[PDB]
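Structure, as structure tokens:
What follows is calculated from the coordinates using simple rules that are stated; it is not laboratory data. Here the Cβ positions follow ideal geometry from the backbone for every residue, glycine too, while neighbour counts run over all protein chains shown.
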Amino acid sequence: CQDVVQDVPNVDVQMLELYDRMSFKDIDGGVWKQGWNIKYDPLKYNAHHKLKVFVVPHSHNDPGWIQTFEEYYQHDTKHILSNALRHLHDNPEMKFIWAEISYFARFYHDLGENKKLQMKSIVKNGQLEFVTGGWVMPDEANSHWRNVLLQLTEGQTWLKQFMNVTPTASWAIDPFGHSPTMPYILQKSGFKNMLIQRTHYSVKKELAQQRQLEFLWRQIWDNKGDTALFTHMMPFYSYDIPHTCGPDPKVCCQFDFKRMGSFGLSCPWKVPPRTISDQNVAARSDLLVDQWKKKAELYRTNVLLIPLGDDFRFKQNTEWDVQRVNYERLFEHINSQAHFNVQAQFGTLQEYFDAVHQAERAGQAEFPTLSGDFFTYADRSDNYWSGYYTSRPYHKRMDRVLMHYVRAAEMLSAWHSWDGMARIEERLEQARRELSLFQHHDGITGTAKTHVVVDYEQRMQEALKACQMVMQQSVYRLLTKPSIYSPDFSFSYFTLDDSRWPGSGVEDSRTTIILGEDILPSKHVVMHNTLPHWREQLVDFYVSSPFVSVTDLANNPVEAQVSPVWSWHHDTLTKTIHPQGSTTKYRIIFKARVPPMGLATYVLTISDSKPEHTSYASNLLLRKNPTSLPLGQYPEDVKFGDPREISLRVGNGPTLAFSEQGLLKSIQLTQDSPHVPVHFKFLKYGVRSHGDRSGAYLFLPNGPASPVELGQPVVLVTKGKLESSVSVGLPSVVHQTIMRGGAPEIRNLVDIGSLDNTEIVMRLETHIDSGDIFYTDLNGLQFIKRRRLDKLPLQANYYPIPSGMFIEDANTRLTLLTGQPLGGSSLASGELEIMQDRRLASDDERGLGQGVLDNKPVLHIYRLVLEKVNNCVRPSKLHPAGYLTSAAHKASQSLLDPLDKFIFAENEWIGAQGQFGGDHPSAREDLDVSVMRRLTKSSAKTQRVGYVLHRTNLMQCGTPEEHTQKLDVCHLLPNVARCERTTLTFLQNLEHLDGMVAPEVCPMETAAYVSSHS
Ligand SMILES: *[C@@H]1O[C@H](CO)[C@@H](O)[C@H](O)[C@H]1NC(C)=O
Ligand SMILES: [Zn+2]
């Protein structure tokens, strides 16, 4: 295995180093506004060395943005695809590329058989070519790598089945900045080439000057280069026709033949396109070839890519004709005039890349190597697209909940083959497709119109229900004696209980377990652990009595804690935010211990008085002017006091101190250690009163954030043996710090209310000597080093925080893990900050046509890990990556893939079993079974099950951490007949494995395996 820590890769372009050297000056470059006046030697091309030009027609189709997916399909996309089929069928030399399989599948299934056959023929013959082939063209900033792979697999599996093709070239022209997680996944999924567009204008200029717009993009830790994927970055401001023929949009716009008037479009540079005729074709070709030769100067081979398309183009039949006929007249003239030394034609993306590599192999060019990312994007001036790292945070959090429910539903149901009447495959396909759709660059990004966001939310809600149905049917089958199991596939044997989604204060959705001497003495609950190692985690349920005790199925008592159910209310009469306790529902909390990829059953039993193994938390309400807080049968009376500083410690864990406002002030790791200053603070950013306004995409603050005025907030302290917490009702945020014995969990119930033009940020202030360095993750896959640059504005120093961020010095590190993607930064040494929500009244001029005024309460979750790192083996100062410690990685897993909880619905579960998976291997902590998916329906004689295995890389800090078992996924199911390594989409077999054994993967590697069972 390659060492991902100690070997700094030698690359031609390392983006962090490039950023340190670049000046980012925004000067007027002439017609190419953000470049320079390109010059070329007319003698460069001649009869023995011609410029080969591929004009690639395309249509950017958004699966929801300003209209919903179905509205766009009915109004635009179905016509684009119907007319593409007709026009390509009738014009053999015309070509077209297509990216969004969600739309193509929706269209193809509705076609009659004659047209399905015509469509397959134009794909098989190379006229219509799929590019990337994912369900969508995903966002690359907020998306988790697992969901990027899910959507890629959904689209490519459909293409293989119905079109018999698997794209090896990717096209990503609209995500707002680009992540190296894409070439990582694509290169492990058979790809050979990829194309990107939205990168900072200063980066395009710098790379264009060095002819480094085509490069071999490798991961930041890859010393050898095995992850490298050839990448083409487009050079200009847009993918539209005015910014794709060459450097001068005033000229290129004249070659967009849809802009002459009858289509309702025009050229803003004021020179309209003119129909090509024999009297103007020579002057028109002279202008067009000059633009092409200038564009060609920015690249190394004699093969030039000229995209020809825009949003929802190639709809009308008249549009197909006007573009095709005019370009055909240009090609006929150009290709016949030897003096131009050009051969131009319509082509596809793969044709362009095949020609570029033919030139490379002939020795006509060598390409530079590159590592790093392309965040944060700016398309012009100081307009940095860091707002969408936070926009619509409720749905960003929903994305992560559904991510986990899809994984758990696919894994729980994979253990068995199911009859078609159970509708398992149907519900899982629905769930995968709705989550996949949301990965779109207007879905998770929070950049769609209000009614479109509602459509995505409704689709995800249906997906969550589908996952719950599959999970509970699976638990019932896995834990009931086989000869007793009698399923009704429409019945709810268990209901899921989720403590953090939608969350307390967001939706009262959890069911109370109702026990009583005159109704039901006890209830079975089951926990699932999707991770491949034994895991303990505290779990809580709502119960109708405080006198409840817990047992495992061997009837061994389990220690439990009961606490009240507290809900916070914004009291419009007293004008205070304070908690109310239930006098009939209580929370019972206990430690569940669950096998790797397994299940564990417990029983909750009521008694008339305090049970021996259940303790009760104390509760202290700190505020001036308190009023009573009765709690029914709860045995300890609530205590009151004036606001004051307090300290808490659960178990042998850290001791945390809080200010009188209920905010963390220090963390003491052990009895002997110092009280390290770690202070939480909430602040607000505003919007500029002159100039450009922040919107869904752009973050344009009116200066550094100002502190939120806190007043004298009400603080609630709950102290228990298993769990303690401090909660405070601040303006717009109920902030909670929860302690269970290790790093605290932070929960913020964020309700920005009607605070227009406000962004609320949560900041951590420490004295850690981080300087200008901080680390953020990319798609939940890797941590990349960031350097704050004071030569750039505040919003340029904001980066996506898809799952975590940290600062460190020689001795100390503070890591904040998140359960949802949000934007964040480190704006001064010792600080971390992450945005919670933003409410903007204005549109930001990118086409959305509205602000962001549809905020709703969201429960954000986090883990806060302070650690000593002086003993850890870390990368050298020049290495561009960082790595988590074991504790921080486990904390991230506790947020993203918690135990699932099931409550048996009926009164008695006949045939119940106590555990499933006790014999499953408990794998080393850095290894995960990211995906377990049965790939065959029950009618298949040979069953196939696919696994995606991912190994992260954790720092070595001196912990012996030992004894774990080798995990061979190919032997998890019995009767294995074959084990194969495959691409990550499971679509191509790469290796037949000896002994039917699936080897574990190396640090930072991901592999896929399929086991076959007789
Ligand atoms: C799929 O494509 C391969 C490669 O050209 C071809 O051999 C095979 O016959 C095709 N499958 C179908 C649809 O028959
Ligand atoms: Zn788009």
message = How large is the convex hull of the C-alpha atoms of segment 1-381 per residue, in Å³?
response = 150 Å³
request  = For segment 377-440 and segment 463-478, compute the distance between their C-alpha centroids and round to whole Å.
outcome  = 17 Å
query = Is the shape of segment 756-807 best called rounded, prolate or oblate, per the rule: a/c under 1.5 gives rounded, else a/b larger than b/c gives prolate, else oblate, with a ≥ b ≥ c the square roots of the Cα gyration tensor eigenvalues?
reply = rounded
Extension gain, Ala940 back to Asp692 (0.36 nm per residue minus Cα-Cα distance, nm) = 83.3 nm
ask   = So which of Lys160/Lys258; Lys396/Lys966; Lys205/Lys791 end up more than 27 Å apart, counting from Cα to Cα?
value = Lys160/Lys258; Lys396/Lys966
message = Taking the alpha-carbon distance from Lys624 and a cut-off under 26 Å, which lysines remain once sequence neighbours fewer than 8 residues away in the same chain are dropped?
response = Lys575, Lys639, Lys665, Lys681, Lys719
task = Quickly work out the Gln279-to-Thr495 label distance, labels modelled 7 Å from Cα along the C-beta direction, and quote it in nm with one decimal.
result = 7.9 nm
query = What is the order of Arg688, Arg786, fewest Cβ neighbours within 10 Å to most?
reply = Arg688, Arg786
note = The Kirkwood hydrodynamic radius of segment 920-1014, taken as the inverse of the mean 1/r over all distinct Cα pairs, in Å, comes to 14.1 Å
key: Theoretical FRET efficiency, 1/(1+(r/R0)^6), r = Cβ-Cβ of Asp790 and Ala810, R0 22 Å, to 0.05   = 0.45
key: segment 618-897, relative contact order in percent, only Cα pairs under 8 angstrom and at least six apart counted   = 17 percent
ask   = Taking a ≥ b ≥ c as the square roots of the eigenvalues of the Cα gyration tensor of segment 382-492, is the shape rounded (a/c under 1.5), prolate (a/b larger than b/c) or oblate?
value = prolate
key: Footprinting exposure proxy for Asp286, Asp76, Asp3, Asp608 (fewest neighbouring C-beta atoms within 10 Å first)   = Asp608, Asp3, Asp286, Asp76
message = Given points 7 Å out from each Cα along the Cα-Cβ axis, report the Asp994 to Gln210 separation in nanometres with one decimal.
response = 4.4 nm
ask   = What length, rounded to one decimal in nm, is gained on full extension from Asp843 through to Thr959, with 0.36 nm per residue of separation minus their alpha-carbon distance?
value = 36.5 nm
request  = Would you kindly state how much longer the chain becomes between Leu538 and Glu645 on full extension, computed as 0.36 nm times their sequence separation minus their alpha carbon distance, in nm to one decimal?
outcome  = 35.8 nm
ask   = If you line up the long axis of helix 424-438 against the longest principal axis of the chain, both from Cα atoms, how many degrees apart are they, to the nearest 10?
value = 60 degrees
key: Order by protection proxy (mean Cβ within 10 Å, highest first), peptides 887-893, 764-770   = 887-893, 764-770
message = Using only Cα atoms and rounding to the nearest 10 degrees, what angle (0 to 90) does helix 78-90 make with the longest principal axis of the chain?
response = 40 degrees
request  = Go through segment 410-418 residue by residue and turn each phi into a ³J(HN,Hα) via Karplus (6.51, -1.76, 1.60, θ = phi - 60°); whole Hz please, and just put x for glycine and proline.
outcome  = 5, 5, 4, 8, 5, 4, 10, 8, 10
task = Of the DSSP beta bridges with both residues in segment 163-261, give the percent that are antiparallel, rounding to the nearest 5.
result = 35 percent
remark   = Quick note, segment 618-897: a/c under 1.5 would make it rounded; otherwise a/b > b/c is prolate and the rest oblate (a ≥ b ≥ c, C-alpha gyration tensor); here it is oblate
inquiry  = Greater than 31 Å separation of Cα atoms is the criterion. Which listed pairs, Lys25/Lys315; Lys224/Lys890; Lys124/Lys293; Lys610/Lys890; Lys116/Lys315, meet it?
reply    = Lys25/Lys315; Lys124/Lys293; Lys610/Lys890
task = Report the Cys residues of the chain lacking a disulfide-compatible partner, meaning no second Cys Cβ under 4.7 Å from their Cβ.
result = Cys467
message = Relative contact order for segment 321-393: what percent, with Cα pairs under 8 Å and sequence separation of 6 or more?
response = 12 percent
remark   = Charge tally for neighbours of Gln74 with beta carbon under 15 Å away, counting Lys, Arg as +1 and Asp, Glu as -1, is -3
task = Counting helices only, and only those DSSP H runs with n ≥ 4, report the 222 nm mean residue ellipticity of the chain as the sum of -39,500 (n - 2.57) divided by its residues, in deg cm²/dmol to the nearest 500.
result = -6500 deg cm²/dmol
remark   = Tilt, helix 145-163 to longest principal axis of the chain (alpha-carbon atoms), in degrees rounded to tens, equals 50 degrees
key: Förster radius 56 Å - calculated FRET efficiency between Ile910 and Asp90, Cβ distance, rounded to 0.05   = 0.25
task = For the chain, calculate the relative contact order in percent as a whole number, restricting contacts to Cα pairs under 8 Å that are 6 or more residues apart.
result = 13 percent
request  = Given the peptides 209-220, 674-685, 467-478, arrange them by the average over their residues of other C-beta atoms within 10 Å, most packed first.
outcome  = 467-478, 209-220, 674-685
ask   = Which FRET efficiency, nearest 0.05, do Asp382 and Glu457 yield, Cβ-Cβ r, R0 45 Å?
value = 0.85
query = What does the charge count near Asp642 come to, summing +1 for each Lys or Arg and -1 for each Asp or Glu among other residues with Cβ under 14 Å from its Cβ?
reply = +2
ask   = Cα convex hull of segment 123-212: how many Å³ per residue?
value = 108 Å³
query = Where a Cα-Cα gap under 20 Å defines reach, which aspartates and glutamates qualify for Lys120, not counting those fewer than 8 residues away within the same chain?
reply = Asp90, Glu93, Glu100, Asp110, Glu129, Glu154, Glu351
query = In sequence order, what are the phi-derived ³J(HN,Hα) couplings for segment 196-208 according to the Karplus relation 6.51 cos²θ - 1.76 cosθ + 1.60 with θ = phi - 60°, rounded to whole Hz, with x for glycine and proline?
reply = 10, 9, 7, 10, 3, 4, 6, 5, 3, 5, 4, 5, 4
task = Take the chain, drop everything but the C-alpha atoms, weight them equally and run the Debye formula without solvent; then report log10 I(q)/I(0) at 0.05, 0.10 Å⁻¹ to two decimals.
result = -0.32, -1.26
Volume in Å³ per residue [convex hull over Cα atoms, computed for segment 296-450] = 279 Å³
